[PDB]
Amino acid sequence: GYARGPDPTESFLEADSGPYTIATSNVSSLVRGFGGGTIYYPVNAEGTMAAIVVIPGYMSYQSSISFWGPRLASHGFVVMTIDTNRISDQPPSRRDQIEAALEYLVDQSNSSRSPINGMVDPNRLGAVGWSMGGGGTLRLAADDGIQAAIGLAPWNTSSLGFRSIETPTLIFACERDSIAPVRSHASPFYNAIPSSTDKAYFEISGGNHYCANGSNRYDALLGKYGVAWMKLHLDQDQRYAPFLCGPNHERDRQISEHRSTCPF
């Protein structure tokens, strides 16, 4: 139904680019509800696709998470990397801005003045967030405001609001993070989510707080698991399940811990 692109392999998922060529459109900060952004989208994709917003953390701009724009969009997604209204915004505000940015993509898909006209399926929305942007992403997931969530070294004041999330949620934890220490953020966030929810935890060995932002030594792993997550849950594309459920991920020197509720 929603599956697109060729049958995946490990090499295909590890490559810097997926099989679609992509284009970009800039969104001015004048946009209501967030600080503007960059839309990345496939050029020759038939029909509608899931849409994903990617948000950075405290004191950071869109460029800090830009890897995720081309990496997801080149696999058949409409992906907007955003700025927040202020770089000092906290996770509750970031949650609202992710929601506003997804609404913007849905609305532009219905506008005859948009280059992404007809590209977004409003039923299929995801978010990816780093640090406080990950707290915002998990907060939106707690309302079922998204169909898939990825947290990149997430930071939030508490885990206690996350105990009923049903949104399929992947958390990348950076083992040696001193800004959002895994023991106080990523790990309790993952453990708070119900065991009946599709969820996964990938802790990157030795990882610094920026480890899951990509454009770095972990690109093959980050994109493989992140794309597979969005394919499996936003596209219901079961071809991607074997990359997430089955492998002994911890054998990889880059993965110090893996948890999941596989099989999904």
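Start at 1 with the first residue shown and count on from there.
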Seminar exercise, completed: Mean Cα B-factor check, 248-256 vs 8-16, entry values; winner is 248-256
For this session: Tell me which of 156-164 and 134-142 has the higher mean C-alpha B-factor in the deposited entry.
Result: 156-164
Seminar exercise, completed: Comparing C-alpha B-factors across 66, 208, 216, 44 in this entry, the winner is 44
Exercise. Which one, 179, 173, 79, 127, has the peak C-alpha temperature factor per the PDB entry?
Worked result: 179
Problem set entry | Third of the chain, ranked by Cα B-factor, where residue 113 sits | highest
For this session: Would you please rank residue 199 by its C-alpha temperature factor against the other modelled residues of its chain and give the third it falls in: lowest, middle or highest?
Result: middle
Problem set entry | residue 52 by Cα B-factor - lowest, middle or highest third of the modelled chain | lowest
Problem set entry | Cα B factor band for residue 71 (lowest, middle or highest third within the chain) | lowest
Problem set entry | Third of the chain's Cα B-factor distribution that residue 150 belongs to, per the entry | lowest
